[PDB]
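Quick one: the structure is below, and I'll ask about it shortly.
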Amino acid sequence: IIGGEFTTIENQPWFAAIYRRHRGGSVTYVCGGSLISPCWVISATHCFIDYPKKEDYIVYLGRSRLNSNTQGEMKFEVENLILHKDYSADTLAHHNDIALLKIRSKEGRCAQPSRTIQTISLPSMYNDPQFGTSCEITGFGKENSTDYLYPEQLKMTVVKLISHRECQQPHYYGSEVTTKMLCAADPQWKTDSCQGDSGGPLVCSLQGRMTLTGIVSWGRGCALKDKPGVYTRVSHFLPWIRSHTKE
Ligand SMILES: *C(=O)[C@H](CCCNC(=N)N)NC(=O)[C@H](C)NC(=O)[C@@H](CO)NC(=O)OCC(C)C
């Protein structure tokens with residue numbers, strides 16, 4: 001997250017931290033995610049497309065820090081890694097960038113709700129906030145484009161939803177952005193999600209309720225003028241989500 005402020009998991013209880021185990025003992029951070037139900041975490045397909053082996057991933061809930069323990073945190077294995085079959089990556093755009101991970105503890109149980117671990121609500125069929133609405137993003141991603149390391153503390157910032165019409169302008173993204181994607185940015189171009197923030201949530205207060213409106217997917221650079229962050233439009237994937245979360 002470029003700009004913004006440091007936060008605690010208490011303020012972002014649905015945030016899931018996803019790591020990948022390596023040959024040896026090295027565990028590195030991969031992407032953010034969101035707990036949509038006790039047994040399900042939603043993230044982005046591009047985070048796992050190159051290593052679709054469910055056994056190499058670890059999901060943490062209730063975690064405020066990147067490389068250290070947080071009281072109340074819970075560790076999970078991935079029982080089922082569901083990637084979207086129609087995922088594809090063009091020059092800039094990443095299509096159908098959405099994934100589901102079924103989690104289970106070593107005891108075979110799902111997440112147990114607490115003050116630091118809660119689910120976030122999904123949107124209704126084709127019901128998104130009005131453009132110009134303020135939403136929040138959370139993540140352990142880069143604080144600056146020139147950084148190679150991630151911040152140790154979880155960060156959050158606020159960006160505004162940009163219309164499809166404005167985002168498709170020539171100086172923005174043109175026809176590269178579709179209706180299955182949502183653009184959001186800071187009106188001053190000072191804050192934005194960045195590498196390391198993918199898979200994370202774009203949360204919007206929709207009719208008094210905190211809703212998972214988008215998933216951090218892509219963008220040209222980070223916090224660049226006329227280059228909004230692009231998010232996977234969750235409301236357009238409800239049928240896909242429902243069909244893969246049953247049994
Ligand atoms: C997470 O993996 C990351 C989130 C970027 C969010 N960016 C903004 N809000 N501006 N996504 C990606 O890295 C995604 C896989 N790829 C890109 O975003 C690429 C192509 O669009 N963009 C890019 O600028 O990458 C070049 C990197 C810096 C070498």
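Along the sequence shown, residues are numbered consecutively beginning with 1.
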Determine all donor-acceptor pairs shorter than 3.5 Å in which one atom belongs to a side chain in residues 163-170; sequence neighbours excluded.
unit_1 : atom_1 : unit_2 : atom_2 : d
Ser163 : OG     : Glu166 : N      : 3.2
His164 : NE2    : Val177 : O      : 3.4
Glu166 : OE2    : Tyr172 : OH     : 3.0
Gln169 : NE2    : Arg165 : O      : 2.9

Residues pairing under side chain to side chain donor-acceptor pair (under 3.5 Å) where one sits in residues 194-208, two or more places apart or in two chains, turn out to be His46-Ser198, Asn127-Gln207
| said: Could you work out, with salt bridge (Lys or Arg N to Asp or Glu O under 4.0 Å) as the rule, every residue matching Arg20, not counting sequence neighbours? | reply: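 Partners of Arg20 under the salt bridge (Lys or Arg N to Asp or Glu O under 4.0 Å) test: none.
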For residues 233-242, tabulate all N or O donor-acceptor pairs below 3.5 Å that involve a side-chain atom, not counting sequence neighbours.
unit_1 : atom_1 : unit_2 : atom_2 : d
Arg233 : NE     : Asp128 : OD2    : 2.8
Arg233 : NH1    : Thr179 : O      : 2.9
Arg233 : NH2    : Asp128 : OD2    : 3.1
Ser235 : OG     : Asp128 : OD1    : 3.1
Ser235 : OG     : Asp128 : OD2    : 3.0
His236 : NE2    : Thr179 : O      : 3.3
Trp240 : NE1    : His84  : ND1    : 3.4
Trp240 : NE1    : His244 : NE2    : 3.2

Residue pairs meeting side chain to side chain donor-acceptor pair (under 3.5 Å), one or both in residues 31-44, sequence neighbours left out, come to none
Could you tabulate the donor-acceptor pairs under 3.5 Å formed by side-chain atoms of residues 50-60, not counting sequence neighbours?
unit_1 : atom_1 : unit_2 : atom_2 : d
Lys54  : NZ     : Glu79  : O      : 2.9
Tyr57  : OH     : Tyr51  : O      : 2.5

For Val158, the other hydrophobic cluster members (4.5 Å side-chain criterion, sorted by chain and number) are none
The salt bridge (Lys or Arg N to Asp or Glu O under 4.0 Å) partners of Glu152 (sequence neighbours excluded) come to none
Quiz prompt | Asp97 backbone acceptor or donor facing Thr232 side chain under 3.5 Å | solution =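 Pair found, side chain donor or acceptor close to backbone of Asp97.
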Requested in this report: Go through the structure and list residues passing side-chain hydrogen bond (donor to acceptor under 3.5 Å, both in side chains) with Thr191, not counting sequence neighbours.
Outcome: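 For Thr191, the residues satisfying side-chain hydrogen bond (donor to acceptor under 3.5 Å, both in side chains) (neighbours in sequence not counted) are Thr157.
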**Asked** In the hydrophobic clustering that connects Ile, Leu, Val, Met, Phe, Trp and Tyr at side-chain heavy-atom distances below 4.5 Å, which members other than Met156 occupy its cluster, ordered by chain and number?
**Response**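 Other cluster members: none.
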* Pair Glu77 + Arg21, salt bridge at N-O below 4.0 Å -> yes
Cluster membership besides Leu149, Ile/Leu/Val/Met/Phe/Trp/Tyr side chains within less than 4.5 angstrom, sorted by chain and number, is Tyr148
- Item | Side-chain (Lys190) to main-chain (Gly4) donor-acceptor, under 3.5 angstrom |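 Checking the backbone N and O of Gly4 against the side chain of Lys190, no donor-acceptor pair under 3.5 Å is found.
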If only atom types and distance count, is the side chain of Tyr29 paired as donor or acceptor with the main-chain N or O of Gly32 below 3.5 Å?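 Pair found, side chain donor or acceptor close to backbone of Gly32.
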**Message:** Is it the case that the side chains of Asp86 and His95 hold a donor-acceptor pair, with the cut-off being a distance below 3.5 Å and no angle test?
**Reply:**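 No, no side-chain donor-acceptor contact under 3.5 Å.
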Residues 132-139, side-chain donor-acceptor partners within the protein, below 3.5 Å, at least two apart:
unit_1 : atom_1 : unit_2 : atom_2 : d
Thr133 : OG1    : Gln130 : O      : 2.6
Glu136 : OE1    : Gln12  : NE2    : 3.2
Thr138 : OG1    : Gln12  : OE1    : 2.8

